[PDB]
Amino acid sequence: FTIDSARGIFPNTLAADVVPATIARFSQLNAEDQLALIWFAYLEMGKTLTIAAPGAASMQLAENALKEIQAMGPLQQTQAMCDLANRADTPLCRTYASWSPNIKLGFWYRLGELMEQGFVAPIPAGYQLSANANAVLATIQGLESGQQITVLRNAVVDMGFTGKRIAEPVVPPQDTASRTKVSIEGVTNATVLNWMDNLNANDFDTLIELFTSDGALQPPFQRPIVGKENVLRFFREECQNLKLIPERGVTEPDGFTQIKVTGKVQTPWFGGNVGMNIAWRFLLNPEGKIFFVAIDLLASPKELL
């Protein structure tokens, strides 16, 4: 067993690989087309999906960069936003690259508000997308909401130029007395239940003790994150205030055990308004420690167990 071979457990699991496909197509576009396409997607999605305000700490961390753009003339504002999309080497692009996903998302949330209000240079009136860009937007608009928000997040994360790391403060774990316990049809495995419950409580120090020293976590469409230091950093930087709603699973006992669970996850960016269809694929060692866990965004609800 290696981490890279563990990636192959439960090969029937059909991931929503239209998400990375669509990001690859998006990545080819002209920068002005990239910005305009996301503006159109975001405006249309906002007719039915309510996005949460960025956290106060996040907005403080992004404040100096946002102020710099706000002080620019309109041509320079457009150029700064194009620099980010083009992954140009500029001071702003390097600052942006140092930020956690949530800080990048909050930065663009604020620019979108300012563009709507007309205080930052908007997408030009009457703007027409390129041939390739129109088709990329059509693909996004045909996706389930959970896939759409994953495309937007990955587009945002990929901008800027790459190192110092800036992230939001780590919230205290949920008080013991108020914590929920999940139930999973077919799965009583204590490691899997404790995984779900500790993540739901933001209890990352308890969560990390479930792993082997060489264990890995593979987020959707990302390479495995290997070892307790890197996995705990990922938890603290990117995994706060999720709600995991596992539904059902299957347990296949080497003394190792493979377990697959399907259900839904909510991000604090959308709360109950977007339920992403998710699989968890666990490979546990004989002592019950996590050697490998993958989290997959599923192609459709038809992929739930």
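All residue numbers refer to positions in the sequence shown, first residue = 1.
Q | Size class of the missing deposited segment between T162 and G163 | A | Unmodelled stretch: 4 to 9 residues.
In the deposited sequence, how many residues between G272 and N273 have no modelled coordinates (none, 1 to 3, 4 to 9, 10 or more)?
-> Gap between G272 and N273: none.
inquiry  = Using only C-alpha atoms and the B-factors in the entry, which stretch averages higher, 231-239 or 123-131?
reply    = Going by the record's values, the stretch with the higher mean is 123-131.
| request: Can you let me know which of the two, 169-177 or 153-161, has the higher average C-alpha B-factor in the entry? | output: Higher mean C-alpha B-factor in the PDB entry: 169-177.
At the C-alpha atoms, which of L111, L137, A71, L217 reaches the highest B-factor in this entry?
-> When the deposited C-alpha B-factors of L111, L137, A71, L217 are compared, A71 is largest.
Exercise. Just grab whichever of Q148, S100, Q117, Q222 has the top CA B-factor as deposited.
Key: That would be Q117.
Practice problem: Would you check the entry's CA temperature factor for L143 and let me know if it's in the chain's lowest, middle or highest third? | Solution: Answer is lowest: the recorded C-alpha B-factor places it there.
### Task
Pull the Cα B-factor of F256 out of the PDB entry and bin it into the chain's lowest, middle or highest third.
Answer is highest: the recorded C-alpha B-factor places it there.
Problem - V187, C-alpha B-factor rank within chain (lowest, middle or highest third) - result: Highest third of the chain for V187's C-alpha B-factor.
For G263, does the deposited CA B-factor place it in the lowest, middle or highest third of the chain? Its C-alpha B-factor, which the entry lists for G263, ranks in the lowest third among residues of this chain.
- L92 CA temperature factor, ranked by third within the chain: Highest third.
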